[PDB]
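Everything on this sheet refers to the single structure shown next.
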2 protein chains.
Amino acid sequence: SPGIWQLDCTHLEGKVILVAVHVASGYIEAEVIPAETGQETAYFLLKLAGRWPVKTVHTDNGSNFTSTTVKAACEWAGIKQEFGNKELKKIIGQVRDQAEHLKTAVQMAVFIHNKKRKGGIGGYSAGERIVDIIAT
Amino acid sequence: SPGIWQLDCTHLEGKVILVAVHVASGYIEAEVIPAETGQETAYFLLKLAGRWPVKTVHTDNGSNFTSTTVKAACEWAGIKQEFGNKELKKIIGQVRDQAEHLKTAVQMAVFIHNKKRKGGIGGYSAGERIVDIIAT
Ligand SMILES: O=C(O)Cc1coc2ccc(-c3cccc(F)c3)cc12
Ligand SMILES: O=C(O)Cc1coc2ccc(-c3cccc(F)c3)cc12
């Protein structure tokens with residue numbers, strides 16, 4: 001569907017990388033947080049939902065169902081939380097020393113994941129795909 | 001054009017709100033930063049450019065032309081920096097006490113600006129407009 005998203009954790013240099021995937025397109029948004037609190041998760045969902053149609057967020061774990069802020073962010077924004085890739089880390093390792101902060105390398109790797117052509121040569125990007133789907 | 005953006009400062013509770021406007025659509029993205037450094041500006045541009053087509057960023061002032069990080073972010077991302085609205089603050093004042101941090105109210109106000117129908121009743125939203133333009 002157009003507004004389906006998958007939310008995930010990944011970890012690096014002892015920080016948490018939050019990743020949202022638009023399932024139909026492959027487009028990603030990521031943010032690095034100091035700590036894995038639900039407060040930070042809730043602000044990232046709020047930003048996401050103001051930038052895109054965010055109807056349903058899937059999570060693999062239980063941590064998102066026990067944060068009152070997240071619950072209140074989803075209600076205000078109209079997000080359905082429901083229970084039930086890592087080329088990213090390859091690219092972060094490529095750029096990691098051409099900028100100091102990990103967060104920057106993450107966002108450089110998000111840039112590349114979203115903009116490249118899905119697989120190399122020919123097709124659309126994750127970022128083209130998401131706009132198309134939503135246009136319809 | 002599709003990738004034209006306007007970048008602006010606004011201020012509230014003694015913090016800086018960075019605002020990017022997609023000129024053709026009216027869509028906005030905003031971030032609150034501790035300090036007005038170019039480092040923070042450069043990370044916000046990097047995130048923006050990984051989420052959307054960002055070809056040209058207009059600024060009203062000179063502060064962006066004197067930050068080496070911003071200059072290096074634009075070059076890496078392919079952004080042309082060139083030299084040459086505030087319903088936002090109205091909405092931040094409406095929500096400001098239904099959440100603690102200013103940043104949240106900003107993002108709630110961004111959500112509303114982007115999602116509402118441009119003027120009330122009938123039309124498209126800023127957020128629909130931007131996707132349409134880019135689809136084409
Ligand atoms: O490096 C850091 O941690 C500081 C920093 C904060 O926001 C940024 C956005 C972009 C770049 C950058 C620098 C050089 C080449 C390049 F392609 C990108 C750096 C930063
Ligand atoms: O409040 C704060 O500063 C903490 C906070 C950080 O990220 C957030 C994202 C969303 C909400 C929230 C809370 C209640 C109603 C609502 F519509 C939204 C709060 C926060």
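Remember, it's 1-based here, ligands and their atoms both numbered in the order they're listed. Residue numbers begin at 1 in each chain, while the letters A, B, ... track the order of the sequences.
Using a 4.0 angstrom heavy-atom cutoff, A:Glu75 does not count as in contact with ligand 2. Note on ligand 1: A:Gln107 sits outside its first shell, no heavy atom being nearer than 4.0 Å.
Inspection of the B:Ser125 and B:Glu128 side chains reveals an N or O donor paired with an N or O acceptor under 3.5 Å. Side-chain contact annotation: A:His101 with A:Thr104, donor-acceptor N/O pair under 3.5 Å absent.
Scanning both residues, B:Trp52 and A:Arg51, for their nearest heavy atoms gives CZ2-O, 3.9 Å. Closest of all the heavy-atom pairs between B:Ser1 and B:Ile4 is CB-CG1, 3.3 Å.
Per-residue contacts place B:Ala73 under 4.0 angstrom from the following atoms of ligand 1 (heavy atoms of the residue considered): 10 (C). Counting atoms of ligand 1 from 1 in the listed order, those under 4.0 Å from a heavy atom of B:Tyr43 are 7 (O), 8 (C), 9 (C). Short contacts between ligand 1 and B:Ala72, defined as distances under 4.0 Å to a heavy atom of the residue, involve ligand atoms 14 (C), 16 (C), 17 (F). Here is the list of ligand 1 atoms found below 4.0 Å of a heavy atom in A:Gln98: 14 (C), 15 (C). In summary, the atoms of ligand 1 found under 4.0 Å from a heavy atom of B:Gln39, numbered by their order in the structure, are 4 (C), 6 (C), 7 (O).
Counting heavy atoms only, B:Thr104 comes closest to atom 8 (C) of ligand 2 of the residues A:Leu45, B:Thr104, A:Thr41. Which of A:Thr37, A:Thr69, A:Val70 comes nearest to atom 19 (C) of ligand 2 through a heavy atom is settled by distance: it is A:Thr69.
Side-chain N or O atoms of A:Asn85 include none that pairs as donor or acceptor with a backbone N or O of A:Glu87 at under 3.5 Å. At least one donor-acceptor pair under 3.5 Å links the side chain of A:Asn114 to the backbone N or O of A:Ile28.
Shortest contact from atom 1 (O) of ligand 1 to any protein heavy atom: A:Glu100 N, 2.9 Å. Regarding atom 12 (C) of ligand 1, its nearest protein heavy-atom neighbour is A:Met108 CE, 3.8 Å. In terms of protein heavy-atom proximity, atom 2 (C) of ligand 2 is nearest to B:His101 ND1, 3.2 Å.
B:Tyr43 carries A:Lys103 over the face of its six-membered ring, with the cationic atom under 6.0 Å from the centre and within 45° of the normal.
Applying the side-chain contact (heavy atoms from CB on, under 4.5 Å) criterion to B:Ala20, with sequence neighbours excluded, gives B:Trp5, B:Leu7, B:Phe44, B:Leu48.
For ligand 2, none of its N or O atoms has an N or O atom of A:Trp76 under 3.5 Å away.
One finds no salt bridge joining B:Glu29 and A:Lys47 here, because no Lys/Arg side-chain nitrogen approaches an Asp/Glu carboxylate oxygen to under 4.0 Å.
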